[PDB]
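Observations on chain architecture
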Amino acid sequence: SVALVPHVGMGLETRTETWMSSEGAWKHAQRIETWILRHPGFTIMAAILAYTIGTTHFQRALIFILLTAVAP
Amino acid sequence: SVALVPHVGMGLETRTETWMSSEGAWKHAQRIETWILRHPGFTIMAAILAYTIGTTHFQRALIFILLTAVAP
Amino acid sequence: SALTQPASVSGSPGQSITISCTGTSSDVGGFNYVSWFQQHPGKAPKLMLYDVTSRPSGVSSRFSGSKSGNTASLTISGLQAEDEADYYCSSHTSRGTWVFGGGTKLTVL
Amino acid sequence: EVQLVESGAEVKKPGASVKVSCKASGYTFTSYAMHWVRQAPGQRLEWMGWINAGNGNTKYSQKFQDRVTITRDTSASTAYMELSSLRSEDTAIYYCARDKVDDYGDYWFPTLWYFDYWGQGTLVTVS
Amino acid sequence: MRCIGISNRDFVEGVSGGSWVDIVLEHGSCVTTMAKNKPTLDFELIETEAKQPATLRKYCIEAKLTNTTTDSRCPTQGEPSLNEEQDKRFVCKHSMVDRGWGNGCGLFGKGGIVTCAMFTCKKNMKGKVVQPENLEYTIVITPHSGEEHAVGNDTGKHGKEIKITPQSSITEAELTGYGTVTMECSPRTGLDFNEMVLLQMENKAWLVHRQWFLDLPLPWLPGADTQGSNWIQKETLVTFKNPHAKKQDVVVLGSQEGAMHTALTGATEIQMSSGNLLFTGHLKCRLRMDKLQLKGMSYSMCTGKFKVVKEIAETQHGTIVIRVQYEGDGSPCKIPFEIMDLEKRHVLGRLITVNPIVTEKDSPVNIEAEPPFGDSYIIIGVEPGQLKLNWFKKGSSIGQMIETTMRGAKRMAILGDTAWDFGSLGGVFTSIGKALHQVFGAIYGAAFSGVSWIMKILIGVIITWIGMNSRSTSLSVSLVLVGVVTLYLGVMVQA
Amino acid sequence: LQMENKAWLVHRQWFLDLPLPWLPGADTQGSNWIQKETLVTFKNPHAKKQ
Amino acid sequence: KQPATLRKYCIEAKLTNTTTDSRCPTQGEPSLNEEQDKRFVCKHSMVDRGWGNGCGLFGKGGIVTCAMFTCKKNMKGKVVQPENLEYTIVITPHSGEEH
Ligand SMILES: *[C@@H]1O[C@H](CO)[C@@H](O)[C@H](O)[C@H]1NC(C)=O
Ligand SMILES: *[C@@H]1O[C@H](CO)[C@@H](O)[C@H](O)[C@H]1NC(C)=O
């Protein structure tokens, strides 16, 4: 809804603090972390499909963390 | 916040129309296109990084669409 | 929680008199907010000493204060007949409230 | 050069709502704070008034938290002191006080030389 | 004096060329200027005010639906028609029910249905735009007089405050005792208006930019609009429920107040209650100091026997501050203050309250100075009865070079090319530096926009990995200006 | 799940993981909301007062 | 049929009785008796202190802030057991019968 597009990369950041610096800097990582701890099997399947594509280790890890970060 | 983790892929599906289908069925596909056409340089530079990281065209298009998807 | 300055002090005109206030660690012993006043009985009291030792404009450079830990003082050198007033104290706390002293009556004769 | 004057009150009844004002002159009123301290006759100076500003906030005293309300008006350049639920020991002299607000409008730290210029004080009685 | 104790203060010295210096100053920090004369001043930007705002667009937050009407018609015969579809307060949607003989129309098909309900708002959220004119900064100027109990006080009228507008001019500041300082301020290019919008909830207000404010999923309404009933994007605050193929219904969609307080992360709050008082951003100030007196020049030296009345205590940035009081005669005089090393030869470490002064009585005066990075004597008198004071200053040898480097890099991360305007006419260095920095900030600005805390770090690591495995000396340019720089901007973002 | 008049049908582990302040099924002068930090925010501008 | 509530969330709240408390930079951490009360919300941070703040020692003193968290809109999430869950099925034949 309107609670998306959270006004993050817009320039305009000064020395003053914003509305939710230190309470919005880590909500994305906490949300993904509790999502993985509630939904493991998509991360297992993301590891399997990330491994079979990507003929080097770097894009296997890259496609793994991107496929993890796309799903909420 | 609470308006994320939107209770989507959790089983419980029936023939009845849910709380938001045809309103929430396409909200990500609209806000991604709005975000692209108001922030193009990350999509060009993401196409550059996706063309760089990736040997075959399938993982180049895959890394392109995932890197486009992870940005808000 | 208040301040514990004594009831009444007196002395000969010319010597030094000391008026001390014992406070806690949240009003006197931690911060440098302690101000002094004098109150004539038919007059609103005026500010007589700033933060610990600093002085208002006007008054004649003889009202020296000190803070020796949890105790804040007001040393007056050169007593005169115009110094008969109710000497009250004040302090600002860490909570945000202002406290005050009990009250000393200074007479010269 | 800075003058604070009050409004004289004659007599009240216990249980009423006493009211006393403060006309301010010699400064711009929206940049200095206003306090209200009281003194029972021959007794201790008891702090009642709360930290005002251009917006007009409060900082609740511990003893008088849920019985007194203060108001103000910038257009008349005054501040209003209204004590309700009057008991027998509430009769005292009522003082004003000047303090300089922080330049960002929001006022938490007091001035080092707080309580500079005071009003003359108007006495109230209950019986 | 108003500068001390406030963190992230900073020093500038060097008024070379003519008699000017460029300083840039935010609302959080305050700047101390120095010279070989021209006594040390303290500049602080305290207000930013927008005088006359014009509204841009009014959004709805909490609505309600009354007069729910619906209408349906038998299948294969057109659409339903309803009188409330004409007026545009009513929100509408066409859908398909299934009908038959039990539905009393015959022909056993899939009929059409409409539904209508008027959209009444009861909570607004209006954004406002201001011109780059008719706005009024307030900068306060405090000289280091070392006056009694005037140090680090955000209260106190010890310094002058002047108000600067873009319709204004060279703006002299007649501050007493010291002469007159003039400022060629540049307030138009300060914080880049004609992009900012000044939206407003019930009692809060923020500062967002235009292209974010316009495309919101709330039902909006234009600024020049009385009788605010013709809401334009009404279908994003209702939901049409057609659960089975039976008749459908409308619902309101709650309050997005707390939903949009989630949306306003990263957007600096301003204070729109009485006046549009901003407290963020900066502005660039050219500072001309040809007409500063010193206030203590043409005074004799001192007789002796000073007395410290407040124990010294170093601040951050390693600058001590002492309050001394003069005992003696000949009261307008200088103070023989100097910091010397051990065994009394060299006078190392300078003053910040340069030319201190005893004024008008035995009133105590404040002296600020910068000791060297070890043990050093402090000498506050002439030889009958001096005041030798030991002091140990910790570290301060190589850590203030990396600390000064982190302050300069943090300034170049917060400020853009304006961070190069912190010095005085480099020529081949300063102008070239902000020229390359403004084309590189232009390229970096036309990328990374909308990219958060995390993804700058992620694609920064990607660019470092592309660098470390490349060849033909594109690796060094693929690290030193893009990789570690975007990692550093990845860490130092979202203030 | 129940709003003021509307009502839904959600499953448990989604209902238990919502960042929003909570209190158990017996209120009885509740006054003990658990994760209160999810619905207030504390502002510290300029490293001055908060 | 028999719903028993499990956990209720709050939607819209209200903060009153805001109190705060600071302390000198080297002298540890402030504390309030409102902090141990569970109906008050607190978080430690730090401000800048000096002689202008009436403190001394010129550092970064800690600070607490309180607020009485008061709810006014609830979201009762009830739950039921698999028993006393009463369905209802209509049975009807194809009696050729009017309407
Ligand atoms: C909060 O302030 C209000 C003001 O009347 C009152 O309920 C009470 O004094 C305070 N409540 C507390 C401290 O719990
Ligand atoms: C909306 O409802 C009110 C009350 O039922 C009624 O008076 C009014 O006429 C209705 N509006 C329209 C456009 O019918």
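- Method of structure determination, per the deposited record: cryo-EM was used for this entry, reaching 3.3 Å resolution.

- Looking up chain F in the PDB entry gives the name Envelope protein E, with the organism given as Dengue virus type 2.
- Per the PDB header, the title for this entry is "DENV2_NGC_Fab_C10 28degrees (2Fab:3E)".

- By the naming in the PDB entry, chain C is Fab_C10_heavy_chain, taken from Homo sapiens.

1. What about the interface of chain A and chain E?
- Across the boundary between the two partners, chain A contributes 25 residues, which contact 41 residues of chain E.
- Buried area between chain A and chain E, summed over both chains or domains, comes out near 3300 Å², and the portion from carbon and sulfur atoms is 67%.
- Among the residues of chain A in contact with chain E, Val2(A), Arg15(A) and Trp19(A) are the three that bury the most area, contributing 27% of the side total.
- Along the contact surface separating chain A from chain E lie one salt bridge.
- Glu26(E) is the salt-bridge partner of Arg15(A), the closest N and O atoms lying 3.6 Å from each other.
- Run the count over chain A and chain E and you get nine residue pairs in polar contact.
- For the side of chain A that touches chain E, the element with the most residues is helix α3 (residues 57–70) of chain A, which contributes three residues.

2. Remarks on the site of ligand 1
- Every residue near ligand 1 is listed here: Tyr60(D), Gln65(D), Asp66(D), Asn17(G) and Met68(G).
- Each of chains D and G places residues next to ligand 1.
- At 2.8 Å from an oxygen atom of ligand 1 is found a side-chain nitrogen or oxygen belonging to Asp66(D).
- Between ligand 1 and the protein, one listed contact pairs an oxygen atom with a side-chain N or O atom of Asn17(G) at 2.4 Å.
- For the shell around ligand 1, the per-class residue count stands at two nonpolar, two polar and one charged.

3. Some remarks on the side chain of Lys234(E)
- Following the sequence through the fold, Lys234(E) ends up in the loop between β17 (220–222) and β18 (238–241).
- Despite its burial, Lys234(E) pairs with no opposite charge; the closest candidate is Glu235(E), at 4.9 Å N-O.

4. Side note on helix α7 (residues 483–491) of chain E
Residue and element names in this part refer to chain E.
- For α7, every residue scored as buried is listed here: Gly483, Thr486, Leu489 and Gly490. Viewed along the axis of α7, the buried residues span an arc of 135°, placing them on a single side of the element.
- The secondary structure elements touched by the buried residues of α7 are α3 (399–414), α4 (430–445), α5 (453–468) and α6 (477–480).

5. Here's the deal with the sheet that holds strand β8 (residues 112–121) of chain E
Residues and elements named next belong to chain E.
- Here three strands make up an open sheet; going across it, the order is β6-β8-β7 and the pairing antiparallel. Either end of the sheet is taken by a strand with one partner, and the two such strands are β6 (63–73) and β7 (90–96). Put simply, the sheet's adjacent strands are angled 20° from each other on average, direction ignored.
- Of the strand pairs in this sheet, β6 and β8 are connected by nine bridges, and their pairing is antiparallel. By the bridge assignment for β8, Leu65 is matched with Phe119.

6. Points about the arrangement of the chains
- Of all 15 pairs of chains that touch, the greatest number of contacts is found between chains A and E.
- Separating chain A from chain C is a minimum C-alpha gap of 25 Å, and the two share no contact.
- Separated without contact, chain C and chain F have their nearest C-alpha atoms at a distance of 12 Å.

7. Let's talk about a nonpolar patch on the surface
All names here are of chain E.
- Residues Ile432, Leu436, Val439, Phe440, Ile443, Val480 and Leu481 make up a contiguous nonpolar surface patch of about 660 Å² in total accessible area.
- Here the element with the most residues in the nonpolar patch is α4; it accounts for five residues.
- Look at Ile432 and you get partly exposed, because its relative accessible area is 46%.

8. A closer look at the state of the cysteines
- Going through the model one piece at a time under the given rule, you end up with zero disulfides over all chains.
- Looking at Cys21(C), it has no disulfide partner, and the nearest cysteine sulfur is the one in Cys89(C), 3.8 Å off.
- With relative accessibility at 1%, the residue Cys21(C) sits in the buried group.
- The thiol of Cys302(E) is unpaired, and the distance to the nearest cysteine sulfur, on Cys333(E), comes to 4.0 Å.
- For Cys302(E), a relative accessible area of 11% translates into the label buried.

9. Here we look at the packing of aromatic side chains
- For the structure on display, the rule yields 28 aromatic pairs over all chains.
- Judged by centre distance (5.9 Å) and plane angle (70°), the ring pair of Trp35(B) and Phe42(B) falls under edge-to-face. Here the two residues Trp35(B) and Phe42(B) agree in accessibility, since each one is buried.
- Considering the side-chain rings of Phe37(C) and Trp118(D), the 5.0 Å spacing of their centres and the 40° angle between planes classify their relative orientation as tilted.

10. With respect to the nonpolar core
- Core analysis: the largest hydrophobic core is formed by 52 residues, its most contacted members being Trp98(C), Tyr27(D), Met34(D), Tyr94(D) and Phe115(D).
- Only β9 (98–100) of chain C together with β2 (18–25), β3 (32–35), β5 (45–47), β6 (68–73), β7 (78–83) and β8 (93–94) of chain D provide two or more residues apiece to this core.
- Apart from residues no more than four positions distant in its own chain, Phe115(D) is found in contact with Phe37(C), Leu47(C), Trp98(C), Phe100(C), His35(D), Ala97(D), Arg98(D) and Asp99(D).
- Membership of the second largest hydrophobic core comes to 41 residues, among which are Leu41(E), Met196(E), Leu278(E) and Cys285(E).

11. Focus: the packing of helix α2 (residues 41–52) of chain A against α3(A)
Residue and element names in this part refer to chain A.
- For the pair α2 and α3, interaxial distance at closest approach is 9 Å and the crossing angle is 150°. Here α2 lies roughly antiparallel to α3, going by the angle between them. Between α2 and α3 the crossing geometry is right-handed. Each of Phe42, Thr43, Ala46, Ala47, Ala50 and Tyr51 in α2 lies in contact with α3, whose residues at this interface are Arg60, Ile63, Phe64 and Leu67.

12. Considerations on the sheet that holds strand β4 (residues 45–46) of chain G
Residues and elements named next belong to chain G.
- Taken together, three strands build an open sheet; the order of strands is β3-β5-β4 and the sheet is antiparallel. Of all strands in the sheet, those with a lone pairing partner are β3 (20–22) and β4, marking the two edges.
- Two strands pair when backbone bridges link them, and β4 and strand β5 (residues 62–65) are joined in this way by two bridges, in the antiparallel orientation. In the strand pairing of β5, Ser45 is matched with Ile63.

13. Here we look at the packing of α3(A) against helix α3 (residues 57–70) of chain B
- Direction vectors running N to C along α3(A) and α3(B) enclose 40°, while the axes themselves pass 9 Å from each other. By the criterion of interaxial angle, the relationship of α3(A) to α3(B) is oblique. Note on packing geometry: the crossing formed by α3(A) with α3(B) is left-handed. Counted together, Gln59(A), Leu62(A), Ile63(A), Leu66(A), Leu67(A), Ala69(A) and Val70(A) of α3(A) and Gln59(B), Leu62(B), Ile63(B), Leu66(B), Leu67(B), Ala69(B) and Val70(B) of α3(B) form the full contact between these two elements.
- Classifying every residue of the contact of α3(A) with α3(B) by side-chain character gives twelve nonpolar, two polar and no charged.

14. Observations regarding the pairing of strand β28 (residues 365–369) of chain E
Residue and element names in this part refer to chain E.
- Counting buried positions along β28 gives five out of five residues, so the element sits mostly inside the fold.
- Neither face of β28 is open: one carries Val365, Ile367 and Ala369, the other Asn366 and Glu368, and all of them are buried.
- Across five bridges, strand β24 (residues 320–326) lies against β28 in antiparallel orientation. In the sheet register, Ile320 faces β28, and the bridge partner there is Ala369.

So, how was this worked out
- Residues numbered from 1 in each chain as written, not as in the entry; some residues may be left out.
- Chains lettered and ligands numbered in written order.
- Part of a larger assembly, values for the part shown.
- Heavy atoms only, no water.
- Contact = heavy atoms within 4.5 Å.
- Buried area = accessible area lost by both parts, 1.4 Å probe.
- Salt bridge = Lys/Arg side-chain N within 4 Å of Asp/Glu carboxyl O.
- Polar contact = N/O pair within 3.5 Å; in protein donor to acceptor, adjacent residues only side chain to side chain.
- Helix = DSSP H or I, 4+ residues; strand = E, 2+ residues; numbered from the N terminus.
- Near = heavy atom within 4 Å.
- Nonpolar A, V, L, I, M, F, W, Y, C, P; charged D, E, K, R; others polar.
- Buried < 20%, exposed > 50% of the residue type's maximum accessible area, 1.4 Å probe, protein only.
- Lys, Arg positive; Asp, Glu negative; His and termini not counted.
- Arc of directions from axis to C-beta.
- Pairing = 2+ DSSP bridges.
- Axes fitted to C-alpha atoms, helices over the stretch in contact; angles between N-to-C directions.
- Patch = residues over 30% accessible without salt bridge, like charges linked within 9 Å, V, L, I, M, F, W, Y side chains within 5 Å.
- Areas by Shrake-Rupley, 256 points an atom, 1.4 Å probe, with all protein chains shown as cover.
- Disulfide = S-S within 2.5 Å.
- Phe/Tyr/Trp six-rings, centres within 6.5 Å; stacked < 30°, edge-to-face > 60°.
- Core = buried A, V, L, I, M, F, W, Y, C linked by side-chain atoms within 4.5 Å.
- Parallel < 35°, antiparallel > 145°, perpendicular 65-115°, else oblique.
- Left-handed = near helix turned anticlockwise from the far one by under 90°.

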